[PDB]
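Chemist: Protein chains in written order, with UniProt numbering: chain A, 283 to 324; chain B, 1 to 76; chain C, 13 to 120; chain D, 38 to 136; chain E, 69 to 136; chain F, 21 to 103; chain G, 17 to 103; chain H, 22 to 56; chain I, 32 to 126; chain J, 31 to 126. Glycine is no exception: its CB is placed at the ideal position from the N, C-alpha and C atoms. What follows is a single structure, and I will ask about it in a moment.
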Amino acid sequence: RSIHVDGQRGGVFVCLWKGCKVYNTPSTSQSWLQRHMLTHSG
Amino acid sequence: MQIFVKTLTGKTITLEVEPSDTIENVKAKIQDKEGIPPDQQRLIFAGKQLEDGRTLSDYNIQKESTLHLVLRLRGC
Amino acid sequence: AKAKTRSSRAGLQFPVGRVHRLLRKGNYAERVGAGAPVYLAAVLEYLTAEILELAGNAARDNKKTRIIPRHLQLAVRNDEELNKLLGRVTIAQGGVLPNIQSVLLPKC
Amino acid sequence: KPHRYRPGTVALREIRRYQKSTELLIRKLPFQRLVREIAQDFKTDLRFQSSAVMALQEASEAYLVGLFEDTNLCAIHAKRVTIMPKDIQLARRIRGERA
Amino acid sequence: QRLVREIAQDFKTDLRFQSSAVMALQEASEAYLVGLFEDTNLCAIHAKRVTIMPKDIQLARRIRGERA
Amino acid sequence: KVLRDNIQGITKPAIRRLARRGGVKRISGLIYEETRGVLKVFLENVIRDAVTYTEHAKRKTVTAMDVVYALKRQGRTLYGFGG
Amino acid sequence: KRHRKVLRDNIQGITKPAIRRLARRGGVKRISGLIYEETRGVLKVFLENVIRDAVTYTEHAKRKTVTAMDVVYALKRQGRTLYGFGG
Amino acid sequence: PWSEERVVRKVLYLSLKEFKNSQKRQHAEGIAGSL
Amino acid sequence: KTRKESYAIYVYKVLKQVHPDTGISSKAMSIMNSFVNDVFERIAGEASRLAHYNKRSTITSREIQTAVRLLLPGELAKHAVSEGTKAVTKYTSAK
Amino acid sequence: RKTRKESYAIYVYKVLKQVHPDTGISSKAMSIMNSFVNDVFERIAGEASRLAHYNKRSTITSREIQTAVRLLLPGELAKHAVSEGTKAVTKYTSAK
DNA sequence: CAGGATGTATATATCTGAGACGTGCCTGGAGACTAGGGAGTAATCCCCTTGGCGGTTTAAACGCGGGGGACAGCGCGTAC
DNA sequence: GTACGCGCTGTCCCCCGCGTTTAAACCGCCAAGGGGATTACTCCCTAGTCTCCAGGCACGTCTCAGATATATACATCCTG
Ligand SMILES: [Zn+2]
């Protein structure tokens with residue numbers, strides 16, 4: 283959350299990961315961003 | 001047609017009544033033959049409390065039937 | 013020449029011309045039939061007649077000459093078929109129907 | 038020696054009295070003050086017709102009256118004769134107002 | 069379905085019922101009863117009981133604005 | 021056993037079910053009547069206007085959209101079935 | 017000194033005997049003592065709701081004077097139509 | 022199959038006053054036409 | 032100046048046709064005015080939709096008839112519809 | 031196979047992915063959102079309709095819609111949405 | 001368990017005067033009198049989907065009973 | 001002081017399982033009628049002018065509306 287999430291400051295959810303079904307896909311809801319982060323990284 | 005009105009005090013009275021007579025009119029007759037005020041009376045037959053607006057023909061009551069009258073006080 | 017009121021040709025009192033004007037200018041539809049304003053005005057007249065009549069007796073039973081709101085209230089609230097139609101309206105200067113619960117009375 | 042009525046009997050006369058008249062029940066000037074008070078917060082520096090205030094009143098009263106009546110029915114349901122805030126808060130919710 | 073077809077007998081005879089519409093009738097007729105029972109429940113509770121009696125329903129409706 | 025005026029079709033356990041989803045716990049013995057009448061009333065108040073619409077449209081079969089409209093009339097909107 | 021004498025605590029302008037009168041008209045016999053604040057708040061909520069839209073209209077018509085029609089419309093929108101004020 | 026006896030026991034227990042409709046307003050169905 | 036419309040006169044006329052001898056206060060006129068002004072819309076608006084559904088473009092009697100069948104509860108409907116039917120079929124006969 | 035109908039489904043779907051770019055949606059829910067949009071649109075329109083006739087104008091303008099919102103949406107949503115619409119116009123003005 | 005005294009009611013008389021009822025006036029909108037062209041309107045035809053049907057099968061409804069706990073009754077203190 | 005509020009009680013009447021009886025579902029088959037599309041047309045309602053009269057406004061009263069004054073029945077709440 284300090285390296286990718288907080289560094290991902292913006293209205294977009296372009297945040298990157300290796301192996302996500304959605305990758306380089308924007309999302310207008312950063313809450314859903316961090317939600318997907320908590321889902322994946324565990 | 002004649003009916004039997006059994007009361008809680010062991011008295012079962014006969015009335016002059018037609019299937020078209022309403023229960024308000026039957027209670028009026030109870031008043032005129034016993035002085036029991038119609039606002040105090042509640043007649044029971046066929047597992048239901050008799051409704052004043054309906055007639056005897058509406059409840060499908062036959063001759064020689066034995067109806068039940070309870071003295072229910074409203075007001076006072 | 014010698015024109016005649018559409019109301020006459022109907023035999024009524026309500027300004028059928030006025031009504032039929034209102035419908036056109038109310039954006040109610042694109043184009044207005046001919047028979048409608050007639051039918052409408054008839055209904056209105058019947059309704060207002062009914063209510064006024066009732067109110068009249070209402071006030072006379074209080075032995076007065078004119079008609080005042082309190083009558084109108086005491087008029088509507090006593091006829092259910094009306095009363096439903098006016099479930100949500102409030103007549104100013106209206107008071108309420110005289111009423112008291114049965115329990116709060118003395119024993120006799 | 039001095040006559041004093043049975044408790045609670047004055048009311049039974051009060052009701053049959055008031056349920057007949059039609060005029061208002063709240064003196065105007067404070068009511069108008071109250072209205073003018075609340076009005077500031079939305080756009081201060083206002084100005085009212087007279088009849089407008091009369092209207093506002095008319096509705097308020099009709100509302101409160103109708104409210105009390107149902108409050109009463111509630112209070113009877115529980116075999117009391119007084120009323121309590123717990124009663125109002127019931128009707129005010131069953132109606133769906135404070136829902 | 070047998071019920072509604074029965075009640076529809078009066079207002080007219082020999083009607084046909086598009087299937088889905090019956091579903092809507094059913095559905096809406098149930099969310100009604102649910103919210104009704106809910107308020108009956110609150111009512112009864114207010115009287116310090118645990119069971120509901122017809123007078124609860126009647127009071128509820130009256131306040132709601134349906135009976136009177 | 022076939023003689024069944026459809027109002028009887030509302031079985032007591034059914035009523036119990038709805039009562040549950042509401043959130044009631046105990047139940048008197050009589051309600052199984054109140055409900056049977058209340059539902060009835062509510063029903064006519066809608067089937068009537070449904071019928072009316074169909075009539076005015078000269079049709080002969082009760083489209084869903086009608087029932088929807090009639091429901092919006094009483095103040096009970098309903099999402100999902102079209103509209 | 018021109019205007020804007022902001023008053024406070026006018027809700028207490030509602031005397032208790034006033035509320036007694038209303039309740040009587042309602043048809044209640046015995047009354048608790050806590051109510052005198054319940055209603056003092058209920059009534060206020062009710063007022064606020066209306067006066068808001070009341071203002072809103074005039075504002076849209078951009079005057080500084082709240083006619084009666086305004087209030088009529090407001091009271092109508094909330095399903096509380098009111099007769100007798102020039103509908 | 023009718024619990025008349027049970028309902029009569031309930032009538033004996035509950036025993037409270039009840040309220041209902043009073044007048045017939047058929048005049049609204051009648052003279053209204055002649056109005 | 033700036034004329035306003037109303038329904039007063041017609042109300043008064045109708046009044047005279049039932050209790051030909053009874054006055055009417057002022058406010059109790061304004062009320063009966065607003066009342067008509069209400070019922071009018073409450074019908075015309077409904078009829079508007081009722082047409083718009085079946086994608087017509089004109090308002091006729093027939094819908095006004097139906098539209099009435101919806102608002103007025105019960106026996107009042109039974110009467111008013113007869114009234115309309117009659118008081119139109121005459122008018123069409125004699126323009 | 032004729033007599034095309036219409037909907038909003040396309041737009042529902044489009045704006046969906048802009049928020050939860052991984053999520054699907056059933057048919058029933060689609061229809062529901064459709065109906066809901068239809069409802070709200072009408073409410074707001076009909077409101078502004080009267081708002082004009084009161085002041086006896088003859089054309090609906092933006093300014094109409096602006097207030098008409100303030101009379102339907104409760105509190106917060108109103109303050110947000112008015113901001114939104116105000117913005118969305120400004121751009122369109124300059125950006126023909 | 002019935003009378004007496006009571007403050008409440010209720011009626012009947014006076015004015016008195018604002019304000020429903022006319023009454024004129026004036027005018028702008030309703031009506032008579034014109035064409036036109038498209039919204040409805042019969043008339044048509046061709047699916048199809050809604051009743052209508054006839055076997056399983058099977059879980060859900062039904063009736064019984066039994067018992068236990070919620071309730072309606074009653075009584076007693078008190079403080080608002 | 002009375003209406004409330006607390007506590008005690010003595011119920012009988014719903015819950016809770018148990019057998020057992022059944023009607024609901026589903027599966028399939030089938031017919032048609034009524035709904036939905038397509039066509040040619042017409043007559044009705046919109047538009048436009050000209051006009052004249054019903055309807056709004058300003059007055060002016062008189063009333064009878066209403067007001068107010070006055071006066072008697074009656075329903076409580078006590079006594080023996
Ligand atoms: Zn990711």
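Anyone know if the C-beta pair for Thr-89(I) and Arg-43(C) falls short of 8 Å?
Modeler: Position 58 of the ninth sequence, counting from 1, holds the residue named residue 89(I). Position 31 of the third sequence, counting from 1, holds the residue named residue 43(C). Result yes, Cβ atoms of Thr-89(I) and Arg-43(C) sit closer than 8 Å.
Chemist: Is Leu-33(H) close to chain C, meaning its C-beta is less than 8 Å from at least one C-beta of that chain?
Modeler: On the eighth sequence, position 12 is the one that residue 33(H) refers to. Taking Cβ atoms only, chain C never reaches closer than 8 Å to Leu-33(H), which makes this a no.
Chemist: Hey, would you say the C-beta of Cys-302(A) is under 7 Å away from at least one heavy atom of ligand 1?
Modeler: For the purposes of this step, residue 302(A) is taken as the residue at position 20 of the first sequence. For ligand 1, at least one heavy atom lies less than 7 Å from the Cβ of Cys-302(A).
Chemist: At what residues does the alpha helix (DSSP H) containing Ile-62(J) begin and finish?
Modeler: For the purposes of this step, residue 62(J) is taken as residue 32 along the tenth sequence, with counting starting at 1. Run containing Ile-62(J): 57-85, per the alpha helix (DSSP H) assignment.
Chemist: Verify whether the separation of the beta carbon atoms of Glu-94(I) and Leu-107(I) is less than 8 Å.
Modeler: Locating residue 94(I) in the ninth sequence gives position 63, where the first residue counts as 1. Locating residue 107(I) in the ninth sequence gives position 76, where the first residue counts as 1. No, the pair does not count as a contact, with Cβ atoms beyond the cut-off.
Chemist: Check whether the segment 25-40 of chain H and the segment 40-51 of chain B touch, using three or more Cβ-Cβ pairs below 8 Å as the test.
Modeler: Because the criterion of three Cβ pairs below 8 Å is met, the segment 25-40 of chain H and the segment 40-51 of chain B touch.
Chemist: Near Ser-311(A), what residues of its chain come up, given a Cβ to Cβ distance below 8 Å and the 5 sequence neighbours on each side ignored?
Modeler: Mapped onto the first sequence, residue 311(A) falls at position 29. For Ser-311(A), where only same-chain residues beyond five positions count, the Cβ hits under 8 Å are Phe-295.
Chemist: With DSSP as the reference, please indicate the residues paired to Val-82(G) in a beta bridge.
Modeler: Along the seventh sequence, one-based indexing puts residue 82(G) at 66. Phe-85(D).
Chemist: Can you give me the Cβ contacts of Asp-124(D) inside the same chain, cut-off strictly under 6 Å, excluding the 5 residues immediately before and after it?
Modeler: Position 87 of the fourth sequence, counted from the first residue, corresponds to residue 124(D). Around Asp-124(D): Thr-108, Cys-111, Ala-112.
Chemist: Cα separation between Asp-69(G) and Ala-90(G)?
Modeler: Sequence index remark: in the seventh sequence, residue 69(G) carries index 53 (1-based). Sequence index remark: in the seventh sequence, residue 90(G) carries index 74 (1-based). Each residue's Cα considered, the two are about 6 Å apart.
Chemist: Using the Cβ count rule (16 or more neighbours within 10 Å means buried), how would you classify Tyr-41(J)?
Modeler: Along the tenth sequence, read from residue 1 onward, the residue named residue 41(J) stands at position 11. Exposed, because fewer than 16 other Cβ atoms sit within 10 Å of the Cβ of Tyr-41(J).
Chemist: Among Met-85(G), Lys-80(G), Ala-34(G), which residue has its Cα nearest to the Cα of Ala-92(D)?
Modeler: Against the fourth sequence, residue 92(D) aligns to sequence position 55. Minimum Cα distance to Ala-92(D) is reached at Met-85(G).
Chemist: Identify whether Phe-45(B) lies in helix, strand or coil by the three-state DSSP scheme.
Modeler: Walking along the second sequence from the start, residue 45(B) turns up at place 45. Reduced to three states, the DSSP call for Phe-45(B) is strand.
Chemist: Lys-123(E) lies in the alpha helix (DSSP H); which residues open and close that run?
Modeler: Stepping through the fifth sequence from its first residue, residue 123(E) is reached at position 55. Unbroken alpha helix (DSSP H) run through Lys-123(E): 122-132.
Chemist: From the DSSP secondary-structure annotation, give me the bridge partner or partners of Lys-38(D).
Modeler: Sequence index remark: in the fourth sequence, residue 38(D) carries index 1 (1-based). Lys-38(D) pairs with nothing; no bridge assigned.
Chemist: Kindly indicate the opening and closing residues of the alpha helix (DSSP H) around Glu-25(H).
Modeler: As a first step, residue 25(H) is located in the eighth sequence; it is residue number 4 there, counting from the start. Where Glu-25(H) is concerned, the enclosing alpha helix (DSSP H) stretches over 25-35.
Chemist: Identify, in the order they occur along the chain, each residue of the same chain with its Cβ nearer than 8 Å to the Cβ of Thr-53(I), setting aside the five sequence neighbours on each side.
Modeler: As a working note, residue 53(I) is residue 22 in the ninth sequence. Only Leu-46 meet the Cβ criterion.
Chemist: Can you give me the start and stop residues for the alpha helix (DSSP H) that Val-99(I) sits inside?
Modeler: Here the question's residue 99(I) lines up with position 68 in the ninth sequence. 92-102 is the span of the alpha helix (DSSP H), which, as asked, contains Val-99(I).
Chemist: Is it the case that the CB of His-322(A) approaches a heavy atom of ligand 1 more closely than 7 Å?
Modeler: Position 40 of the first sequence, counted from the start, is the residue given in the question as residue 322(A). Yes, the beta carbon of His-322(A) sits closer than 7 Å to at least one heavy atom of ligand 1.
Chemist: For the putative contact between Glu-72(I) and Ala-98(I), defined by C-beta atoms under 8 Å, what is the C-beta separation to the nearest angstrom?
Modeler: Locating residue 72(I) in the ninth sequence gives position 41, where the first residue counts as 1. Locating residue 98(I) in the ninth sequence gives position 67, where the first residue counts as 1. Their Cβ separation, rounded to whole angstroms, is 12 Å, which puts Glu-72(I) and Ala-98(I) out of contact at 8 Å.
Chemist: Opposite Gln-2(B) in the DSSP bridges: which residues?
Modeler: Position 2 of the second sequence, counted from the start, is the residue given in the question as residue 2(B). Note: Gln-2(B) sits in a beta bridge opposite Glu-16(B).
Chemist: What does a CB cutoff of less than 6 Å around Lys-57(D) pick up in its chain, not counting 5 residues either side in sequence?
Modeler: For the purposes of this step, residue 57(D) is taken as the residue at position 20 of the fourth sequence. So no residue of the chain qualifies.
Chemist: Output the distance between the C-alpha atoms of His-40(D) and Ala-104(C), rounded to the nearest integer angstrom.
Modeler: Within the fourth sequence, the letter at position 3 stands for residue 40(D). Within the third sequence, the letter at position 92 stands for residue 104(C). Answer to the nearest angstrom: the Cα atoms are 40 Å apart.
Chemist: Does the beta carbon of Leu-56(H) sit closer than 8 Å to a beta carbon anywhere in chain I?
Modeler: To locate residue 56(H), count along the eighth sequence from 1; it is residue 35. Chain I, which has a Cβ nearer than 8 Å to the Cβ of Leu-56(H), makes this yes.
Chemist: Based on DSSP bridge pairs, tell me the residues matched to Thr-66(B).
Modeler: For this step, residue 66(B) is matched to residue 66 along the second sequence. Bridge partners of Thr-66(B): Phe-4(B).
Chemist: List the endpoints of the continuous alpha helix (DSSP H) containing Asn-69(C).
Modeler: Counted from its first residue, the third sequence places residue 69(C) at position 57. Taken as a continuous stretch (DSSP letters only), the alpha helix (DSSP H) holding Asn-69(C) covers 47-73.
Chemist: Nearest-angstrom Cα distance between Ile-30(F) and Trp-299(A)?
Modeler: Translated into the one-based positions of the sixth sequence, residue 30(F) becomes position 10. Translated into the one-based positions of the first sequence, residue 299(A) becomes position 17. Going by the C-alpha atoms only, they are around 57 Å apart.
Chemist: From the DSSP output, in three-state form, read off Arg-40(F) for me.
Modeler: The residue labelled residue 40(F) in the question sits at position 20 within the sixth sequence. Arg-40(F): helix per DSSP, three-state reduction.
Chemist: Quick one: what does DSSP say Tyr-38(I) is sitting in, helix, strand or coil?
Modeler: For the purposes of this step, residue 38(I) is taken as residue 7 along the ninth sequence, with counting starting at 1. It is coil, neither helix nor strand.
Chemist: Taking the alpha carbon of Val-22(G) as the point to measure from, which residue in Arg-132(D), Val-118(D), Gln-77(D) has its own alpha carbon closest?
Modeler: Mapped onto the seventh sequence, residue 22(G) falls at position 6. Per the Cα distances, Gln-77(D).
Chemist: Identify the continuous alpha helix (DSSP H) that holds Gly-29(C) and give its terminal residues.
Modeler: Numbered from its first residue, the third sequence carries residue 29(C) at position 17. That run of the alpha helix (DSSP H) goes 28-37.
Chemist: Determine the extent of the alpha helix (DSSP H) in which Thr-310(A) is found, giving its start and end residues.
Modeler: Within the first sequence, residue 310(A) is the residue found at index 28, counting from 1. Here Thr-310(A) belongs to no alpha helix (DSSP H), and DSSP marks it neither H nor E.
Chemist: Would you list the residues sitting across from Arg-46(F) in a DSSP beta bridge?
Modeler: Indexing the sixth sequence from 1 puts residue 46(F) at position 26. For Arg-46(F), which the question treats as bridged, DSSP gives the partners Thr-119(E).
Chemist: Confirm the yes/no value for this check: CB of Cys-297(A), any heavy atom of ligand 1, distance under 7 Å.
Modeler: The residue given as residue 297(A) occupies position 15 in the first sequence. The answer is yes for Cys-297(A).
Chemist: So the alpha helix (DSSP H) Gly-115(I) belongs to, where does it begin and stop?
Modeler: Numbered from its first residue, the ninth sequence carries residue 115(I) at position 84. Here the alpha helix (DSSP H) through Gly-115(I) covers 106-124.
Chemist: Could you name the residues of the same chain whose beta carbon sits closer than 6 Å to that of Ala-87(C), not counting the 5 residues immediately before and after it, in chain order?
Modeler: Along the third sequence, read from residue 1 onward, the residue named residue 87(C) stands at position 75. Within the same chain, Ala-87(C) has close Cβ partners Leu-66, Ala-67, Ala-70.
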